[PDB]
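Quick notes on the structure that follows.
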Amino acid sequence: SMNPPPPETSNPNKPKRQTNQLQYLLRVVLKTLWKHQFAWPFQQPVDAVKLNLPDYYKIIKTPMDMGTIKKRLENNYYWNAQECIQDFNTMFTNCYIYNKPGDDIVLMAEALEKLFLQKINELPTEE
Ligand SMILES: CC[C@@H]1C(=O)N(C)c2cnc(Nc3ccc(C(=O)NC4CCN(C)CC4)cc3OC)nc2N1C1CCCC1
């Protein structure tokens, strides 16, 4: 099957606020995960046509990736930290559902998830 359009990243109709938690998610969390050695498969939507995986979007109906998350943060798409956290978690879950447990792609996601959880534990208080 062909690729779907990527996830929505900007909605001018959707209310916007800057907060220290959202700033942290972009400046610290997204930045640190992006730079990790294992980040590259997670930096853009899965191109299932290029990868010849016609079943990917038959199985994964809520795709997510860090390129999308970066743009969402830049476009003030999220009202709160939890909405952004959900997107990271969706990204990891998709990887765990689609791929055989223990495969290299899964180990990569697991490393990123461990780092993510460390940074979320250090999420600043709303202030
Ligand atoms: C979609 C399934 C899963 C996933 O969950 N995500 C997120 C993913 C995101 N991006 C990729 N990207 C690439 C994966 C492989 C290659 C590549 O070139 N592999 C070579 C093929 C020839 N071989 C001799 C050496 C290795 C390039 C990729 O992007 C340019 N793969 C992903 N995988 C993998 C898909 C194959 C296993 C799992």
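Residue numbering restarts at 1 in every chain; chains get A, B, ... in the order shown in the structure tokens, and ligands count up from 1 in that same order.
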Shell of 9 Å around residue 120 (chain A), only C-alpha atoms, local chain residues under 5 positions omitted, as an NGL selection string: :A and (25 or 29 or 85 or 115)
Counting only C-alpha atoms and all ligand atoms, which residues in chain A sit no more than 6 Å from ligand 1? For each one, give the nearest pair of atoms and the distance in Å, sorted by chain then residue number, as JSON lines.
```
{"residue": "A:41", "atom": "CA", "partner": "ligand 1", "partner_atom_place_in_ligand_line": "10 (N)", "distance": 3.8}
{"residue": "A:42", "atom": "CA", "partner": "ligand 1", "partner_atom_place_in_ligand_line": "7 (C)", "distance": 5.4}
{"residue": "A:46", "atom": "CA", "partner": "ligand 1", "partner_atom_place_in_ligand_line": "9 (C)", "distance": 5.0}
{"residue": "A:95", "atom": "CA", "partner": "ligand 1", "partner_atom_place_in_ligand_line": "5 (O)", "distance": 4.2}
{"residue": "A:105", "atom": "CA", "partner": "ligand 1", "partner_atom_place_in_ligand_line": "38 (C)", "distance": 5.4}
```
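Among A:124, A:12, A:101, A:45, the residue with the shortest atom-to-atom distance to residue 63 (chain A), counting only C-alpha atoms, is A:45.
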Spatial neighbours of residue 8 (chain A), 9 Å, only C-alpha atoms, chain gap at least 2 places, as a PyMOL selection string: chain A and resi 5-6+10-11+68+72
Same residues, C-alpha atoms, output as a PDB file, in the first residue's frame:
```pdb
ATOM      1  CA  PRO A   5      -0.029  11.791   4.498  1.00  0.00           C
ATOM      2  CA  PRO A   6       2.144  12.593   7.503  1.00  0.00           C
ATOM      3  CA  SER A  10      -0.080  22.874  12.620  1.00  0.00           C
ATOM      4  CA  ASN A  11      -3.567  24.027  13.359  1.00  0.00           C
ATOM      5  CA  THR A  68       6.407  15.316  13.486  1.00  0.00           C
ATOM      6  CA  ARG A  72       4.215  20.119  16.541  1.00  0.00           C
TER       7      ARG A  72
END
```
Contacts of residue 123 (chain A) at 10 Å (only C-alpha atoms; same-chain gap of 3+ positions) as a count of residues only: 13
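From CA of residue 56 (chain A) back to CA of residue 92 (chain A), the distance works out to 14.6 Å.
CA of residue 67 (chain A) is positioned 15.0 Å from CA of residue 109 (chain A).
When only C-alpha atoms are used to compute distances to residue 4 (chain A), the closest of the residues A:66, A:48, A:73, A:107 turns out to be A:48.
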Which of region 3-48 of chain A fall in alpha helix (DSSP H), as a PyMOL selection string: chain A and resi 20-24+31-34
Shell of 12 Å around residue 106 (chain A), only C-alpha atoms, local chain residues under 3 positions omitted, as a list in words: residues 38, 39, 41, 42, 91, 92, 93, 94, 95, 96, 97, 98, 99, 100, 101, 102, 103, 109, 110, 111, 112 and 113 of chain A
Residue selection dump (N, CA, C and O atoms) as a PDB file, in the first residue's frame:
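To be explicit, this is the file written out as part-v6.pdb:
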```pdb
ATOM      1  N   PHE A  38      20.997   6.211  18.047  1.00  0.00           N
ATOM      2  CA  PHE A  38      19.937   5.347  17.539  1.00  0.00           C
ATOM      3  C   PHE A  38      18.687   6.108  17.085  1.00  0.00           C
ATOM      4  O   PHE A  38      17.676   5.491  16.806  1.00  0.00           O
ATOM      5  N   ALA A  39      18.743   7.437  17.021  1.00  0.00           N
ATOM      6  CA  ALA A  39      17.551   8.223  16.675  1.00  0.00           C
ATOM      7  C   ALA A  39      17.104   8.137  15.234  1.00  0.00           C
ATOM      8  O   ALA A  39      15.916   8.357  14.947  1.00  0.00           O
ATOM      9  N   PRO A  41      16.126   6.224  12.706  1.00  0.00           N
ATOM     10  CA  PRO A  41      14.908   5.650  12.124  1.00  0.00           C
ATOM     11  C   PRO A  41      13.639   6.367  12.585  1.00  0.00           C
ATOM     12  O   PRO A  41      12.595   6.174  11.987  1.00  0.00           O
ATOM     13  N   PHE A  42      13.745   7.134  13.668  1.00  0.00           N
ATOM     14  CA  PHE A  42      12.614   7.766  14.339  1.00  0.00           C
ATOM     15  C   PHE A  42      12.509   9.255  14.051  1.00  0.00           C
ATOM     16  O   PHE A  42      11.647   9.940  14.602  1.00  0.00           O
ATOM     17  N   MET A  91       4.958   6.653  19.451  1.00  0.00           N
ATOM     18  CA  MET A  91       6.076   6.293  18.602  1.00  0.00           C
ATOM     19  C   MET A  91       6.752   5.004  19.092  1.00  0.00           C
ATOM     20  O   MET A  91       6.996   4.086  18.304  1.00  0.00           O
ATOM     21  N   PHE A  92       7.033   4.917  20.384  1.00  0.00           N
ATOM     22  CA  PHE A  92       7.662   3.717  20.918  1.00  0.00           C
ATOM     23  C   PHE A  92       6.746   2.481  20.777  1.00  0.00           C
ATOM     24  O   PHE A  92       7.169   1.430  20.315  1.00  0.00           O
ATOM     25  N   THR A  93       5.494   2.626  21.176  1.00  0.00           N
ATOM     26  CA  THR A  93       4.517   1.537  21.082  1.00  0.00           C
ATOM     27  C   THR A  93       4.393   0.993  19.669  1.00  0.00           C
ATOM     28  O   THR A  93       4.338  -0.219  19.476  1.00  0.00           O
ATOM     29  N   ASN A  94       4.289   1.881  18.686  1.00  0.00           N
ATOM     30  CA  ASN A  94       4.196   1.458  17.286  1.00  0.00           C
ATOM     31  C   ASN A  94       5.362   0.518  16.946  1.00  0.00           C
ATOM     32  O   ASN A  94       5.201  -0.524  16.298  1.00  0.00           O
ATOM     33  N   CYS A  95       6.551   0.913  17.372  1.00  0.00           N
ATOM     34  CA  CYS A  95       7.745   0.123  17.104  1.00  0.00           C
ATOM     35  C   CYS A  95       7.631  -1.253  17.769  1.00  0.00           C
ATOM     36  O   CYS A  95       7.937  -2.283  17.164  1.00  0.00           O
ATOM     37  N   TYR A  96       7.133  -1.276  18.997  1.00  0.00           N
ATOM     38  CA  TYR A  96       7.023  -2.524  19.746  1.00  0.00           C
ATOM     39  C   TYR A  96       5.934  -3.455  19.204  1.00  0.00           C
ATOM     40  O   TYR A  96       6.054  -4.672  19.306  1.00  0.00           O
ATOM     41  N   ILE A  97       4.873  -2.888  18.638  1.00  0.00           N
ATOM     42  CA  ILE A  97       3.785  -3.673  18.047  1.00  0.00           C
ATOM     43  C   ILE A  97       4.183  -4.234  16.685  1.00  0.00           C
ATOM     44  O   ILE A  97       3.862  -5.370  16.359  1.00  0.00           O
ATOM     45  N   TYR A  98       4.870  -3.433  15.874  1.00  0.00           N
ATOM     46  CA  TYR A  98       5.120  -3.834  14.490  1.00  0.00           C
ATOM     47  C   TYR A  98       6.260  -4.834  14.325  1.00  0.00           C
ATOM     48  O   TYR A  98       6.181  -5.765  13.515  1.00  0.00           O
ATOM     49  N   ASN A  99       7.312  -4.634  15.112  1.00  0.00           N
ATOM     50  CA  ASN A  99       8.571  -5.360  14.945  1.00  0.00           C
ATOM     51  C   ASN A  99       8.724  -6.508  15.926  1.00  0.00           C
ATOM     52  O   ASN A  99       8.232  -6.438  17.042  1.00  0.00           O
ATOM     53  N   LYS A 100       9.453  -7.541  15.521  1.00  0.00           N
ATOM     54  CA  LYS A 100       9.668  -8.679  16.400  1.00  0.00           C
ATOM     55  C   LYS A 100      10.446  -8.250  17.643  1.00  0.00           C
ATOM     56  O   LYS A 100      11.461  -7.564  17.551  1.00  0.00           O
ATOM     57  N   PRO A 101       9.965  -8.645  18.825  1.00  0.00           N
ATOM     58  CA  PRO A 101      10.712  -8.322  20.037  1.00  0.00           C
ATOM     59  C   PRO A 101      12.174  -8.733  19.967  1.00  0.00           C
ATOM     60  O   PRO A 101      12.501  -9.815  19.465  1.00  0.00           O
ATOM     61  N   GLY A 102      13.054  -7.861  20.435  1.00  0.00           N
ATOM     62  CA  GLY A 102      14.479  -8.121  20.417  1.00  0.00           C
ATOM     63  C   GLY A 102      15.234  -7.753  19.147  1.00  0.00           C
ATOM     64  O   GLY A 102      16.468  -7.814  19.121  1.00  0.00           O
ATOM     65  N   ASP A 103      14.527  -7.403  18.077  1.00  0.00           N
ATOM     66  CA  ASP A 103      15.218  -6.998  16.849  1.00  0.00           C
ATOM     67  C   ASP A 103      15.931  -5.661  17.079  1.00  0.00           C
ATOM     68  O   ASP A 103      15.603  -4.921  18.006  1.00  0.00           O
ATOM     69  N   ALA A 109      14.689   1.653  19.819  1.00  0.00           N
ATOM     70  CA  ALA A 109      13.560   2.341  20.451  1.00  0.00           C
ATOM     71  C   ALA A 109      13.658   2.266  21.965  1.00  0.00           C
ATOM     72  O   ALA A 109      13.410   3.249  22.650  1.00  0.00           O
ATOM     73  N   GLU A 110      14.025   1.097  22.491  1.00  0.00           N
ATOM     74  CA  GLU A 110      14.127   0.922  23.942  1.00  0.00           C
ATOM     75  C   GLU A 110      15.182   1.844  24.557  1.00  0.00           C
ATOM     76  O   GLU A 110      14.977   2.382  25.650  1.00  0.00           O
ATOM     77  N   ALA A 111      16.302   2.030  23.864  1.00  0.00           N
ATOM     78  CA  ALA A 111      17.332   2.935  24.358  1.00  0.00           C
ATOM     79  C   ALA A 111      16.815   4.375  24.395  1.00  0.00           C
ATOM     80  O   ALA A 111      17.036   5.111  25.362  1.00  0.00           O
ATOM     81  N   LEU A 112      16.132   4.775  23.331  1.00  0.00           N
ATOM     82  CA  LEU A 112      15.557   6.108  23.262  1.00  0.00           C
ATOM     83  C   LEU A 112      14.509   6.292  24.343  1.00  0.00           C
ATOM     84  O   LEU A 112      14.437   7.350  24.957  1.00  0.00           O
ATOM     85  N   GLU A 113      13.697   5.263  24.573  1.00  0.00           N
ATOM     86  CA  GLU A 113      12.648   5.350  25.575  1.00  0.00           C
ATOM     87  C   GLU A 113      13.241   5.500  26.971  1.00  0.00           C
ATOM     88  O   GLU A 113      12.731   6.259  27.782  1.00  0.00           O
TER      89      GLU A 113
END
```
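What separates CA of residue 54 (chain A) from CA of residue 104 (chain A) is a distance of 20.4 Å.
Close contacts of residue 47 (chain A), defined as residues with an atom at most 8 Å away when counting only C-alpha atoms, with chain neighbours fewer than 3 positions off set aside, comprise residues 3, 50 and 51 of chain A.
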